[PDB]
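We call the chains A, B, C, D, E, F and G, going by the order they appear; numbering starts again at 1 in every chain.
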Amino acid sequence: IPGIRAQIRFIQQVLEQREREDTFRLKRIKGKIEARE
Amino acid sequence: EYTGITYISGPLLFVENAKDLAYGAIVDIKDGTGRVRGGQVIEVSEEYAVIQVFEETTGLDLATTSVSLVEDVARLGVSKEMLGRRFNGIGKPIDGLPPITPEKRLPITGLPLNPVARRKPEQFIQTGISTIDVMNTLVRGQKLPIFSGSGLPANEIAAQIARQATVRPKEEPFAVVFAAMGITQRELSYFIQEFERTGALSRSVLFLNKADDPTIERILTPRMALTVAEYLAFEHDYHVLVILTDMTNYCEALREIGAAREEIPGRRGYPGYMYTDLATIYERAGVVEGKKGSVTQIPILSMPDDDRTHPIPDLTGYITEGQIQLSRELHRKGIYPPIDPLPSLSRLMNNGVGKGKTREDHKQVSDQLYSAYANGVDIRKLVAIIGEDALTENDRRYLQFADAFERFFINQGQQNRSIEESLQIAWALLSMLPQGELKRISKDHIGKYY
Amino acid sequence: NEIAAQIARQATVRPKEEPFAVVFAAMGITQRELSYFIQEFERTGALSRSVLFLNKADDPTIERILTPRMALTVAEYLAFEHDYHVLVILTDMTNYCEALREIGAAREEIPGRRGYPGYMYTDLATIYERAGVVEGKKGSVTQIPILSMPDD
Amino acid sequence: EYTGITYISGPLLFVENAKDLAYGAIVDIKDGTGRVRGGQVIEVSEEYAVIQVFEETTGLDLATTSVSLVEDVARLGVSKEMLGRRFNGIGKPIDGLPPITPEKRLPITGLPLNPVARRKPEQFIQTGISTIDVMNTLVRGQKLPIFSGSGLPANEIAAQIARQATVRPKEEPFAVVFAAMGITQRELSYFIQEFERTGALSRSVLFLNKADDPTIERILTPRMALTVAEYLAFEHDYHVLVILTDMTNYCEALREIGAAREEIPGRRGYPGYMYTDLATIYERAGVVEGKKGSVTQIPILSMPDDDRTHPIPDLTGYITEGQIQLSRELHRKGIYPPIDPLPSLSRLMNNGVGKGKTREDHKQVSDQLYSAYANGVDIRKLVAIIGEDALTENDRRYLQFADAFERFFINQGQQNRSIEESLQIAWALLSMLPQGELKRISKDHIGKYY
Amino acid sequence: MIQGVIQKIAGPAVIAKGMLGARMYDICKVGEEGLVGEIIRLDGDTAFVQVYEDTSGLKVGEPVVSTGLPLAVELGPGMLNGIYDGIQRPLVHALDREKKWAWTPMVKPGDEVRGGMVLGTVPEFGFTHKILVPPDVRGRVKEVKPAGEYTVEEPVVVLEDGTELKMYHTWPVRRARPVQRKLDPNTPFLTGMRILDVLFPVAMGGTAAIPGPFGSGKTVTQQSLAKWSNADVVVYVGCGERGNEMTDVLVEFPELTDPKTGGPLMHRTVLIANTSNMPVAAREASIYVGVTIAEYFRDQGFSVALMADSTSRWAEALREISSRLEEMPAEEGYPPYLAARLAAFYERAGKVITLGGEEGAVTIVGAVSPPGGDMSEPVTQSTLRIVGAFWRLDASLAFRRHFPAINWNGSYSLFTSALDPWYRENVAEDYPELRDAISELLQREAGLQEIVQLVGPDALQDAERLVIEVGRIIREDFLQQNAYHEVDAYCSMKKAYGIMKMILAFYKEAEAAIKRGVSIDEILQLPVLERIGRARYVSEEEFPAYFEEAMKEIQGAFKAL
Amino acid sequence: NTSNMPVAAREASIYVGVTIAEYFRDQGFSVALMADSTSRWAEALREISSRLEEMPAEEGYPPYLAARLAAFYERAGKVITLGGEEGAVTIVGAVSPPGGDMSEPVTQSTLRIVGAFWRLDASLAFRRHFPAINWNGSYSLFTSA
Amino acid sequence: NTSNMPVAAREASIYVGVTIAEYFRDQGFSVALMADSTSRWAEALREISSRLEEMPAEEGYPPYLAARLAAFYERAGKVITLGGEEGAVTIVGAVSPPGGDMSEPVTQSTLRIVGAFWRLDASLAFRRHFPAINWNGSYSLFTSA
């Protein structure tokens, strides 16, 4: 059961990894289009 | 009147006229080309210059090259004889037959005819698919999208509806308009063969746009299709079903030119105008004046990257009366059709069901199956959390009901289920649940139908 | 805001040789909220030892930006020139920020994270820097800023 | 010929010439500066103006400031006497010795010599490290990256290979080119001392670029190193081993200027050109014409943030013939070298092993150890799930084999293992497994070698 | 100034050119220095040119000349064993002008011909080259060479009393070669690899995407296919080369052998390199040059395989050209135009009835290399939407030493039903049922392993342990194939089904024995199992004998009870 | 507010409606103003702004939107009309984010003004729980009032 | 480096200090440079960069930071001063992530440069174990040195 929270925890952080950082290469690209224009 | 190119950047060409400027939307013809090259006026830049968008490649254009104004936009050669023919995105023959002999020549943007009535969609369209007809009924005048993703058989469903759809005893004749956008040569050959072999072609107009056809021709494809549908419905009094695959591919082309047009991009790189262009297509549906005919749409919306929140599929939802959402996860479990029973909705479902339409218990059965399937799906999560043996007896029944719903109700061995057949399967699977747990079926229906 | 109003009514500096005052500033509030705050200060007699600045939602955005600066200047004056222990209550800093953010676009700046002004932290620093003991050590400026979580 | 600055924005300076425009890539010199300030021409803007990139800070520049064209870019003072010297990223002495006396002066971009043959990498390079020589053999002409992360001893491995590498009985002489990029003063002093003390310096050319050296000098470092390697290999017929640490640091500098160059950024903020610049470095390896010499690369690729999917390390994989991937998790378990036995591969391994190269059983042993170690590592997960006592007898053997592989095969007490020594350890640990469980070793090898 | 022009300005990678009044949009232009460029922008007072190389070799005032081509290719004897680049030319001419070829007349004077008709044969390289009337040419053969030896430039025939025909012909790589019709996917492209041929079939003239992260084995699938697939000719566009992947193929492949004949594989191959020092233009055109050459060989009546290393790098080269042309960037800064183009490429794939009857085909296998695991844009996303087949190399399957490392859960073929009848009629009546049954096995294993990940394996019933046992045998004995073994490097269709039936027969017997209370531990150590494990290494049908060996052995387990 | 109508008209539609709404409350009536929706009104306004070359910000929306939208909702309220008598305009505005993102335009700026939010929940709907209002994510500022 | 001070001054503060530090080591003194902290210096620099419209990256920080921060720490070291004699500048830099995340700016880039890290552990502190330095998470790449 603390197996659940365990490896499955790795789960939430590859998940979370994936995008507050991915979602950001992006708010900033679009800036970048007419941010650059 | 004639003009001269003053600038060329990819699909965007500027053209200066010394006399008479062509109005926005006019089709201009480039002189000196082996194949016809159309330029559609998009803007008046000032100084007698207009900005245009090419309908084919601009390689080989030179500054100073001559251009004539045709005096009108692009158009549909409208006739009842459109039925039985296969055409390109622009309405040119693909079936080795002669060009259409027009009864009328109609503009294609939606301005022609002013066909729609201010009346609500109503009455049945029998698709011949149980998961649509029984649980998410398509109604005449409705826009009911197929919501899917890459790899899923959305086009097989679209083709099957095209073969099977009818308007059961209607005094009005029925027709199909099938438009495909950005498809491969293999897919085009397949669609053609299917319409010809089945004899579905007799009551259909088919428009096929290939992946390598000009991007502008793809943009015009849905407009040719909707104009033909409105003509048949309004001037011939027909119930017309329009099937458009894939709206996402249409969007990829429209998006492709927005950059060449000088716009600042919006979210996800899309055109800032995404929703007001898409509105020009979803606005074109409903009962037509006279109430003899109607235009119904079944647009296919594939999720790019399977993301139903992508701006394209997300903005399409508002244009529909019924939505059928397909899911890769479900397809990978071998459940076909791969319809997500908790994300498919009928906006106008209540207008096409009940006594005198389907059967009096239809809403109650639909509500109970939806509720039980949703609970059963959540319990699949709970089983994973606690283990199968730790589930209560009551929850185990709901868990099992979800499998029964998928195995017996969703799955059809290709097979035309009447609404009576579909309600019968529904009641049969419902028996798996405790009668005391049928919260959404009034006792009157349990006694009469259980 | 109930907590902010309650502190405004109740705060004191228990045996201090220095007089005590409150500066209460509200930003981007409704007419209903403004009427409520007024009535509360007047009825309780809290108004006798307070200066109150009220900025409405429909007041100019620039007036909202100036509100906390009017409030802090009054506090610094009372504390330094009159030797008072002054408590400044600013609600809501998030609403102040929504107005400052609103103009950053009209000012020609490239936006920073979440659409905010790139200068978010160095404008906000001009407000949080203004607090502490004043020269002479008879008075002081204390701040209780309200920070509502946007979207929690 | 002289020009005048017309604009300055950070590293980018525009310069107008009244007579003779300097061609792209020419080095220009800014007049009126205390220290030499080079401007490299990047573009011709039109109107007799060029756009340039500064090699040092532009603070203190004024519009109108004078600039001269040197008449050329920058290049390598090529000579066999490069061996035994320590130089900067630009090839200037760091060892207090005189500047190189060139036999030839070579351009450094890769255009000079056209040295490579259209022949496959082949024959053994003895690194003296068992985990490379035995299981992931380095071959002459191959690109075999060390795949690591911050905190791991990748540079210790790189330095050890530099000290130990040879080409066992080859008629050709052997040389090392060691290039370090963006290193600290402490690291530079350490590398120098190591080469000098061991006598490794006698057969090596060393290029050291410091963290505070100009970013442009860092970009040029790998090009100076590869040009020296190609010269020694092609004009002197040598088998040359090039060690480049760290490619990720090279990338941080190249990325640093992409912004100043006006490009729209790509994923993760990187330059859009990441893969076609990196290709200019990984393309430079293989057998040279004549087949007397060869250029082999061992690039170090540290994972930024330990992420092997970051665009830099991820694009480097295709440039290699052998990859050694280091893992922080493994290092934290005290297993050194911290090589991930299920993520280290020989792209070209099969070309450097077997009878007449290593030994006939090498592929079978490598396959069996890899399979058993991977199973053993998964079983560490299963132990955590079920408990040690619930593991089967067979699984317990595989669990134990993973520890044996780490303790005895991966771990070396610094020590130059011959391939025979490495295969012997491999067979010794394999004995822990049931003979009936050696699925990947043909019976012929079991009888002969077990 | 119609055919030539002069550089106005250069820097920032675009050359602005005065003149070139007749140049076409997207035409190759030539600078005096010898560099090539592409006409991107046509303006009223200049042409903007993308330079396919270093622009410092270009100066203001330099002369520029038209080539008249988006591009072209030479198509005749001398193509085989040849190594070209992005625009066809020895790794400069294209086809040897000195080499003599034995021309054999296959038409007499007076015959009426049409484009695609075969007038002669040349044993240039066994292969037998088929000389065809260029597309768009018909009439009566008024003159034809006798059986002799001639160079390419020589005229072998005249039609309609004067069009002159040679042994070669030119064609715009940008324009797909004409054909009467494209046929429906019917015949499988026999790979010899069990997982592919069985579960994720590729049809002759099918488009099947190869996608996955860097170092997953994408290229290797392609190379094994070429060494062993049932295509006569291979067109390898070894793009995304770097560090030394160029020299890795330069002097290496010239030694790789044709498992079928024992001659060099290059003897039936055409290489199209795409190195980093090459302009984005050339790499962009490389797939079009290759596909055209591919279509050319299928026109002869050959089944050719087109292997595209990769399209991710082609879309990056195209994005570089587009951004330099100032076209509006979209998602990941890619131009809007890419999806329609990429689709148009894959559409040129297919098995056809060539001009003048006869059947041929071009099967495409494209590599997918996302920026890094993201598996979005460019490559993957757009590709996986076109292609009918996807073989997902799985790094976790690879680390686990399961070869081929193809994920039987994430891979798919839309061609399974399209090719099933070819297998049923020519190989085995139970091909489709067998692969469906194996896939259901693998599907069940996946579900079981997910649960075991939670509640552990101790509670597992014998029935579930048996399914994992057989599922494992499928993965190790079937899915996994050794590309390095002299035998298992290629698995003939006949061998693929026979191994499948040994595994499926062991499954039925396993489930049957359990149902009769036979300990699974007794089945797990059954002697035949070790033989089933080495079956992929047997080159003789001794493999189907294992079925009877399996049955009797289970009987010996029915005996002991 | 149809798609064939200029961005201008749809932009003005909420102002024409609110004025008509204020007109009826002046009589001493309690009127409800239902705004389908402001997401589309902000898209029509962004089209007009971009055509006027005003500097794009977040999601390319003009800087001016937040103050304007707030000014609209400020015209809501129960008043003592000219010449005594009480009337009121209650506003219910629809929120349609570009797609679940629930950021800009619509949602973000709106949820900051409005005092009440009734969150229809698609999961509550699929579960056949009607009204599909999420009792955990919805809020009002009036319970004590 | 107070909050009322421009981002510019705080940015330059480490450079002014290091120069003064290098000045004293030139005399033949061993000086310690203690930098409270670089997280705040990178926030002041991000403010200046965003105002200059430089392209934001991870956490909206400019691309230029990693090379700069490294260049700073490179000026540390024990040297043989001009005219012989030995002196040194030892740097101890404080790390303050936005909040426990311990990513960017500060920590991430710093822990990659520095040779030593003394991890104060809040759990070690709560347990009253002083100094609260975690002997399991701290490291000195100088032990052998």
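Rule of thumb we're sticking to: a residue touches a chain if its C-beta (ideal position, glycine included) is under 8 Å from a C-beta of that chain, and two chains touch if they have at least 3 such contacts.
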item: C-alpha-based rotation, subunit F on subunit G, 0 to 180 degrees, nearest 5; value: 125
item: Busiest interface, counted in C-beta pairs; value: D-E
item: Chain centre separation in whole Å, for subunit F relative to subunit B (CA means); value: 30
item: Euclidean distance of C-alpha centroids - subunit E vs subunit G, Å; value: 54
item: Interchain centroid distance [CA atoms averaged], subunit D/subunit G, Å; value: 29
item: For subunit G, residues contacting two or more additional chains; value: 53, 55-60
item: Multi-chain contact sites of subunit A, meaning residues that touch two or more partners; value: 3, 24, 28-35
item: Contacts with two or more other chains, residues of subunit B listed in rising order; value: 263-269
item: Of subunit E, residues touching subunit D in the complex; value: 8-13, 16, 54-60, 83, 91, 213-215, 240-255, 275-277, 280, 313, 316-317, 319-320, 323, 329, 332-333, 371-374, 395, 398-401, 453, 456-458, 476, 484, 530, 533, 537
item: Residue numbers on subunit B that touch subunit E, as the complex places them; value: 5-10, 57-64, 150-151, 182, 184-186, 189-190, 193, 210-212, 215, 218, 249, 252-253, 255-263, 265, 268-270, 304-305, 332, 334, 384, 387
item: In the complex with subunit B, residue positions of subunit E that touch it; value: 21-27, 39, 41-45, 70, 181-182, 184-185, 325-332, 335-341, 343-344, 346-348, 350, 376, 381, 384-386, 409, 412, 443, 451, 454-455
item: Subunit A - residues contacting subunit G, complex; value: 21, 24, 28, 31-32, 35
item: Residues on subunit G engaged by subunit D in the complex (per definition of touch); value: 54-55, 57-58, 63-64, 66-67, 70-71, 74-75, 77, 108, 111-113, 115, 139
